[PDB]
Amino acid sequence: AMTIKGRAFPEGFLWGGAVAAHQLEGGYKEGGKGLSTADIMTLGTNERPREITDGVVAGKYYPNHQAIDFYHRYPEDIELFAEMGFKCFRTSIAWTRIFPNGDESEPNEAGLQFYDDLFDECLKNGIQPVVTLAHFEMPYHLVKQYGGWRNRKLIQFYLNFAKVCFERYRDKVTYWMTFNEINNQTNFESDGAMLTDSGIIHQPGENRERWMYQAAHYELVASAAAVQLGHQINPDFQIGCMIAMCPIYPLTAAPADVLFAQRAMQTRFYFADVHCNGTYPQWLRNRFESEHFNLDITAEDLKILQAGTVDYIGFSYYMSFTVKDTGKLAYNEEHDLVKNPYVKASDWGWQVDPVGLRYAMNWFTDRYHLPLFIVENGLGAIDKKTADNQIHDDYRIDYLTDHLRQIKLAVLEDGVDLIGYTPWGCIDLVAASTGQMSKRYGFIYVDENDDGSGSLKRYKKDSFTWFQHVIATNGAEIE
């Protein structure tokens, strides 16, 4: 029964922080940038959904247009990351800075130069960029013109973008991921998931589930083609998938509940099966037939999938879910979840379950036997900044400490292969679900309110010093 206190994480462990371009950069039309799917989502709340508009509508507030102005302020924000001691910085390359409309024959030089400048600023401070190519910010032109990822043509458009980035940043970036949280669209009834993952805005009469699987198929093919392409450009690239890991528990030991939870996880994680094993699960191929989807899946696609399996599994962890049998062995995330009575929840309703992260790490390890990278984890919570500009975020420290304890057990005791750990929203940024600044994740407070007002000044929260010390001690004190 030996303590984990005093034992560090492995040597070479990548501590850092994670963001996405559209949530912090602002500068949404600077440098020739095109309009993205993030730029058409208005401000919402936990109770009122963001509105998805047909382009920019006069008079409406779009939080992603200016965000926190990291497009201009990155030198000073990176200084703060370096003060905390980050080894890496996980962000996205904005697709619309490189291919503003998506279907150009040549990339945008000003966009490429922006990321050279950003990555150089990181590297000058000893911080390695870790890059996600698709992160909920595809060109709105591809949505309007082609129907988004309904259209097979997007595979090549994505690959044109991937190729440019892999070549330009060949000597600057080692770790890449293809499609952020590709499996959010498991909830095929979620307008937000469908737009962010796939550029799908529902058309009357369409079969939502059918089109989700078609789009996901093309994305999986594009990912596999990109893994092969990237390795041709630089064989030392590590190219991963990115899975939203919300584990799903059975409510009870009733056999039907246990089978329903197994199918729920098969449904939410088939994307990982394809990314890692290179083949579709047969239950799901059988579903396509029994639901009469008639998907466009070719022999060439299947060959690409098998040849383009990933090097590691990047994943996010925030929460777990629970299900009971509904009477039909098919999981519909919009309707089939029940609240877990054993755990508490955040103010946005997200269940707090650190033990579930140890479960999840074992689940991925035993299924796939690949290295993992925790590329998002965090607690969205209200902060109050005091008169003397302090932020006493003990609630956020507690959440992160509790999750790190379970991660540390999974690494030291269970022997999970973990590349690194990057908390989400390390500088306060625009929330995805709601567009709120008030749902704060950061170690660094940004003085911007939900209505966009404020000085935009940055202040260190108490969690900044906490995480700085975790990094300095390589997690040794966590117990």
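In this text, residue numbers run from 1 along the sequence as written.
Taking the mean C-alpha B-factor of each stretch as recorded, 377-385 and 269-277 are not equal, and the higher mean is that of 377-385. Per the PDB record, of the two stretches 102-110 and 158-166, 102-110 carries the greater mean B-factor over its C-alpha atoms. In this entry, the residue among 130, 233, 352, 244 with the greatest C-alpha B factor is 233.
The top Cα temperature factor in the record, among 59, 34, 420, 26, falls on 59. When the modelled residues of the chain are ordered by their C-alpha B factor, residue 403 lands in the lowest third.
Sort the modelled residues of the chain by CA B factor and residue 414 lands in the lowest third. The deposited CA B-factor of residue 199 belongs to the middle third of values across its chain. Among the modelled residues of its chain, residue 20 has a C-alpha B-factor that falls in the lowest third, as given in the PDB entry. Among all modelled residues in its chain, residue 87 ranks in the highest third by Cα B-factor.
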